[PDB]
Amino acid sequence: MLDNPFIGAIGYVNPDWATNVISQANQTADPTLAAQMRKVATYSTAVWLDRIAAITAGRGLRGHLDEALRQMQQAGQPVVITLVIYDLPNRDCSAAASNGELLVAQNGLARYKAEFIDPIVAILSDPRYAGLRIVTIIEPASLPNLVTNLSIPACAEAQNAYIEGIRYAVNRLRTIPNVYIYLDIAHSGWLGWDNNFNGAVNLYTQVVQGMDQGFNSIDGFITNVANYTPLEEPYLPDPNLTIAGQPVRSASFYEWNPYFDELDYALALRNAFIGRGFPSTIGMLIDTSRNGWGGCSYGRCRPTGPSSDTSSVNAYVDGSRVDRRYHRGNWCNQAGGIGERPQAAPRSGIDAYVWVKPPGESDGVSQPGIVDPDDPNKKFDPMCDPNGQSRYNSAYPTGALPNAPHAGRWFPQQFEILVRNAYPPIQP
């Protein structure tokens, strides 16, 4: 095992994702924007194993690991390909747009180990792929739900399936010696608050303390998967800066959460886990696929500096935050923009920026009454209603875009926004 699988290697370029990118660029009138989409098609996105069919459907997990070898020989350097292990029973328990095919009360935990994990680790140990670095991101939006959403019965039912299921997946993956294991730990707009933060460091510690190799079973964590939270709020650098006689962490957008951006958040988690037993070799990944926040949307443009308005912390922070979402929990089909491009070791503690959620794939269907044949449990969630209000705080619009298909399907109108709003902007 290396300490950074992303150093000294190039990123796998999933051709099935780029097919959707290029075939839309072929359909895009504007010549400048179409050139940008062709450039976006060259970057490294992750490969989501989101159902048991995904192991075999199309080129399959095999064909991706095979295609990765084609790109390793072709380039001379090694290739790091990013797989997302995403099919726990009772999946996405606190929402409805990504409910999985396995569920606990239908012998789901047993099906998870037997039909999904086992065949994956089988393919992953074929010695033909020992020359790749295989990063495996373990079940986004799983353990975080057990910290803030156990009052919800769907998660409460699934705690053991999550722990036993995540432990089983990581134990059987540590045997493959070129797979690097990253546990998802959500984002700062979820676990930033003090008791949410502290509750996650306590839950995650025992989850891995019970793994086969203990604190050595994982290589780090990943944050901001499939979300829009920025790398850095540059014009709100200090959450304790007193404006109008109040610290600006008290603004209604943050509600006393001290972690405004994912860089402050991820590094805080890394120091916390280190001081509780984890080796200093752990590193955090940050999904930067849709957190650039360039362009203009939601009635605002990207700030070029702190706002002249010192009247309130609310007027100050709202005018200084790169994140323009009406409410920080607005997680669905947001009109953001592509963020930092995938790059290795951008700063101490961060292993690499990655694109885990592929730009262009939807977060959820935007109207009720539609069934996806391939994901029969994905449903309409009010957070994606383009005319609705957030179900976490009713006072704010969801901000979700309309005409969105079920989560995972290609969203051509959000992709155009994500490209136009990219920061750093797409250079053709």
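Sequential numbering from 1, following the sequence displayed.
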Select between 126-134 and 329-337 the stretch whose C-alpha atoms have the higher average B-factor in the entry. 126-134
As stated in the PDB record, which stretch has the larger average Cα B-factor, 285-293 or 101-109? 101-109
From the list 384, 34, 46, 61, select the residue with the highest C-alpha B factor recorded in the entry. 34
Can you tell me which of 419, 18, 10, 407 has the highest Cα temperature factor in the record? 10
Should residue 182 be placed in the lowest, middle or highest third of its chain by the C-alpha B factor in the entry? lowest
Residue 193, C-alpha B-factor rank within chain (lowest, middle or highest third): middle
Taking only the Cα B-factors deposited for this chain, tell me whether residue 255 sits in the lowest, middle or highest third. middle
Residue 228, C-alpha B-factor rank within chain (lowest, middle or highest third): lowest
Taking the C-alpha B-factors as the PDB entry records them, is residue 371 in the lowest, middle or highest third of its chain? highest
